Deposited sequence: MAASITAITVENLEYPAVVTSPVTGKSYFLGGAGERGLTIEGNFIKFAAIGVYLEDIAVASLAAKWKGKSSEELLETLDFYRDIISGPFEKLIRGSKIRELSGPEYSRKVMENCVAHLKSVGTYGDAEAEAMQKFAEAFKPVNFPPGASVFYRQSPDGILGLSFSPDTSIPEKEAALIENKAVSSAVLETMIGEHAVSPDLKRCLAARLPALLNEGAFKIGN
């Protein structure tokens, strides 16, 4: 039919979001849940937004592929993760979480990843320190959100909100190529814990990739 909003555990993810920081417009690629290993306890919801130009970019290699084919093609997610377009990730809590509580397990996966690809030098350790620091003064009562703005120019912007509305400014800009893609790498890349996100993107992209390009209006 047409692109749609996704609701996760009562956390609405709009079909379209426009960034107040770069003016770029994104479309919902998919949403997912993320919880713990104790009974599986769901803690947060996650939505991956891709800039509208991402469609033209992915078109040549992926238009025509079925959702079944996309889901199994690791190379599909590498074009999503490292594609020449901005990505926006919004994590919204189901269960209250302080900055550090949350930033804790996010940095875990990120540090691991960077280590397994040989890109975790001082610069990378420094950037992750700035990342931890941006989360310290923040708290995430259910409904509250963190917006990771992954710039194509190697910037990772960090925004925090009381609800699911997008902030007008960012609390921090982390300038490191490897780290900029790390967060998205941990959610939809090869060694992603939960399939939820990868499955959702495989499901909703085929419809789009076939309509050529896609511009979220003037």
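Asker: Counting from 1 along the deposited sequence, which stretches were left out of the model?
Answerer: No coordinates exist for the deposited residues in 1-2, 41-42, so these stretches are absent from the model.
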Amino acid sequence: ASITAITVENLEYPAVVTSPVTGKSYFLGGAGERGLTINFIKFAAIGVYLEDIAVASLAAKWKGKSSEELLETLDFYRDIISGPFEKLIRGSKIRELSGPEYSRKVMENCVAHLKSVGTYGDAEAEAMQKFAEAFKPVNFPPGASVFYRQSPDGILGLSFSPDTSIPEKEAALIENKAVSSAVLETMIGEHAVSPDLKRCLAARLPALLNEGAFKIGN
From here on, numbers count along this sequence of modelled residues.
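Asker: Using the B-factors recorded in the PDB entry, average over the C-alpha atoms of 190-198 and of 12-20, then report which stretch comes out higher.
Answerer: Between 190-198 and 12-20, it is 190-198.
Asker: What stretch has the higher average Cα B-factor here, 45-53 or 28-36?
Answerer: Result of the comparison: 28-36.
Asker: Among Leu74, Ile80, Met107, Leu88, where is the Cα temperature factor highest, going by the PDB entry?
Answerer: Going by the entry's C-alpha B-factors, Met107 comes out highest.
Asker: Looking at the temperature factor on the CA atom of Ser66, which third of the chain's modelled residues does it land in?
Answerer: Within its chain, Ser66 is a middle-third residue by C-alpha B-factor, going by the deposited values.
Asker: Using the B-factors in the PDB entry, rank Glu168's C-alpha atom against the chain and give the third, lowest, middle or highest.
Answerer: Highest third.
Asker: Where does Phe140 sit by CA temperature factor within its chain: lowest, middle or highest third?
Answerer: Within its chain, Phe140 is a middle-third residue by C-alpha B-factor, going by the deposited values.
Asker: According to the PDB entry, is the CA B factor of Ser151 in the bottom, middle or top third of its chain, that is, lowest, middle or highest?
Answerer: It belongs to the middle third of the chain when residues are ordered by C-alpha B-factor.
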